[PDB]
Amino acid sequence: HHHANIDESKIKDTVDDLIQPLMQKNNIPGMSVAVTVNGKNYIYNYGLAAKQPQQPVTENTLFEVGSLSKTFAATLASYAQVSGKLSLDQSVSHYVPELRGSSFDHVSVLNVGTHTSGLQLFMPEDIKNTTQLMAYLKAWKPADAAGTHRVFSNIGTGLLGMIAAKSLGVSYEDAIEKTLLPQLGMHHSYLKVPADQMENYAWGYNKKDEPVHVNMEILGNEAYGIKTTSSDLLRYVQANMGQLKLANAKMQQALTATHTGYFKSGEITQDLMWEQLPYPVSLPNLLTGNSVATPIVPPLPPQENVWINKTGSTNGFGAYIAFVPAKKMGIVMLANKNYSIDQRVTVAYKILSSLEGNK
């Protein structure tokens, strides 16, 4: 029931007023929106996780988050780094000996963690096993030197997560599901959804409105494997702002260190997978932010006065996270349809702007 002067009702009015038109105009079947502010958490669910048979979005609904998954690979690499198992400045071939003598002699772990290796976006479809993957990587050359350009890459994120996990002595799937997500308290987050949670796994709806789930291929866990709830992602946002007891002291340091600013591209600062802009942000630069890479050396330390964000999509889903550490506020928006990023950022901006007076 609605209550004037009560936090959850005031926030719900703002969120409803933006999310309901957004879902109608984009034919989005279902969404969950989670907001944190002043140490308190608010979860709002809309519409349907599945159309036939109809299933509503609930607090337990799992959505694919696509490239939001890359921030977990970055957090894992950061955890390995602060634990003394990984140096980001070292070469990929230092950690992957089969690539010694290849172009990866000249690509750093930082490069694959910042989209500056030059590797292309998509893994070639005919690469099915590790032998084929290694043959490909051993024979690969970019047109420009590593460290000169930003090119978003699923392959690079794959290497980042693989190297991080190996430096901890485990597979990536083990590192994520047995170490990272449990230490973060994210008990409803998965690379592979278990049988008791399949009833909660929303269907995605593609551009043709067909129900789809993402097909996991080689190194896909690192780049697009996470299925999760808005509540678990809100915990992840809070952890990224140091708000939770948590994990480890090492885990808090790992999360914070992913916000280190390593390269500038246009107006955007590239962190370890996360991207950030100075806060306050005007909506135009947010939209303009969605290339030559200039190093930030020494790296920009993790900041409070920034808007940190990441989009992610699969064929059937569209996700977004943004948070402002200086304001201890953040938002997670999950949808089971891939709708345009300009709308994700605009709605998030309007919601977060609503959470305090102008001054």
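Residue numbers run from 1 along the displayed sequence.
In this entry, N290 is separated from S291 by 4 to 9 residues of the deposited sequence that have no coordinates.
According to the entry, the stretch of the deposited sequence that connects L99 to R100 contains no residue lacking coordinates, so the chain runs unbroken between them. Comparing the deposited coordinates for 332 to 340 and 15 to 23, the stretch with the larger average C-alpha B-factor is 15 to 23. Averaged over CA atoms, B-factors in the entry run higher in 79 to 87 than in the other of 79 to 87 and 175 to 183. Per the deposited record, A249 carries the highest C-alpha B-factor of all listed residues (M198, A145, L160, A249). When the C-alpha B-factors of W274, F72, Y279, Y236 are ranked from the entry, the top spot goes to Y279. Per the PDB record, residue ranking by Cα B-factor puts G204 in the middle third of the chain. Per-chain ranking of the deposited C-alpha B factor places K40 in the middle third. Among the modelled residues of its chain, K310 has a C-alpha B-factor that falls in the lowest third, as given in the PDB entry. Sort the chain's modelled residues by C-alpha temperature factor and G113 lands in the lowest third, per the entry.
The deposited CA B-factor of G225 belongs to the lowest third of values across its chain.
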